[PDB]
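Listed next as structure tokens is one chain, alone, in the form solved without the DNA.
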């Protein structure tokens, strides 16, 4: 059994970006399962083989991640051409709602260098949805003409199942609330302004976001949180640990559907995980109302309660860490489920 992993829209090497980093980490966790796997990208390196140095059909299973299509680039075109020659099923890891599988064929001046068939992917596609709601996954891929099927798998748990995983340790607190991520084209501007702006608390937003991006008049604010630079993925939990609490906010289509990497990065940290009620209305993450907040007013009060009671804060950290460990205890089941998902 030979497996291949390819990032459909981003070059893969080192850990200079979320897509490239997640690809290497997914590659690593799949290898740790006792599976023979290669990462195929633009160039040969310590973690990858080039498209030009391998025969796509020598692989029994082809896993694909990150579809950047929805202005094609070298990575996208090379991936498309590679997938186009593969004669078997493609297993697409749907980890970001905005990035469903799609062919660049429809998507140009440079079109002169490529032909249709050369990029037309005819293989059936199995969408492995990180989200439990498959109707949402189907809707996101409604434009796909390929034969296609769907199945749910909590892909994002690769963080906690990695062999080197460790909970964050008690850390000196210099922040009230922290959130690490990107602006994501303002798709979450309303929630970000609700929970992170004008709270009167000491809040930090780390990652790609900048204050100048929050300019939609529909979501007014007076004072913004402090924005700091991007840091390595393997430093996110340590960064979250500088704060009393770390926030998880809702997103239409993600709500009551996706559990995101952030959930685990936050749960594993020394910061109490506070969740926007709308993101998990049934409290699947933690069956404890103390970890949920409906709006800004509730977030402020909850953070103040945590600051006033070290007992409450430590108790909640103990609870979230325990819950995280209960999931880590199911590693073998998780590994078996992934294997079944890719027909092994």
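If you superpose the two forms and keep the largest set of C-alpha atoms that fall within 1.5 Å, you have the rigid core. Numbering follows the first chain given and starts at 1.
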message: What does the record say about the segment between residue 107 and residue 108: how many deposited residues are without coordinates (none, 1 to 3, 4 to 9, 10 or more)?
response: 1 to 3
query: Hey, how big is the hole between residue 70 and residue 71 in terms of deposited residues without coordinates: none, 1 to 3, 4 to 9, or 10 or more?
result: 4 to 9
query: On average, are the C-alpha B-factors higher in 15-23 or in 319-327?
result: 15-23
field: Between 286-294 and 55-63 (mean CA B-factor, as deposited), the higher
entry: 55-63
- prompt: Looking at 128, 120, 244, 160, which has the biggest Cα B factor in the entry?
  reply: 120
- prompt: Which of these, 155, 248, 113, 203, has its C-alpha atom at the highest B-factor, as the entry lists it?
  reply: 113
Assigned third (lowest, middle, highest) for the C-alpha B factor of residue 146: highest
Third assignment of residue 43 from its chain's C-alpha B-factors: highest
query: C-alpha B factor of residue 198, ranked within the chain: lowest, middle or highest third?
result: lowest
- request: Please place residue 266 in the lowest, middle or highest third of its chain by C-alpha B factor as given in the entry.
  value: lowest
field: Position of residue 5 among the chain's modelled residues by C-alpha B-factor, lowest, middle or highest third
entry: middle
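Here the subject shifts to the form solved in complex with the DNA, a form of this protein not shown in this document.
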- prompt: Does the DNA get within 4.5 angstroms of any non-hydrogen atom of residue 210 in the bound PDB entry?
  reply: yes
message: Test of understanding: in the bound PDB entry, would residue 220 fall inside 4.5 Å of the DNA by heavy atoms?
response: no
query: Is there a non-hydrogen atom of residue 18 within 4.5 angstroms of a non-hydrogen atom of the DNA in the bound PDB entry?
result: yes
- prompt: in the bound PDB entry, does residue 325 have a heavy atom within 4.5 Å of the DNA?
  reply: no
- line: Note: the DNA not shown here; in the bound PDB entry, the stretch from 80-88, 210-218, 118-126, 240-248 having heavy atoms within 4.5 Å of it is 210-218
- prompt: Out of 182, 171, 174, 146, which one falls within 4.5 Å of the DNA in the bound PDB entry, going by heavy atoms?
  reply: 182
The DNA: the contacting residue among 191, 159, 230, 262 in the bound PDB entry [heavy atom, 4.5 Å]: 230
Out of 133, 187, 78, 242, the residue that alone shifts its CA by 2 Å or more between the shown form and the other one when the rigid core is the reference: 187
message: Is residue 218 displaced by at least 2 Å at its C-alpha between the shown form and the other one when the rigid core is overlaid?
response: yes
- line: Distance flag for residue 187 and residue 298 (Cα, change 3 Å or more) in the bound PDB entry: the two residues are closer
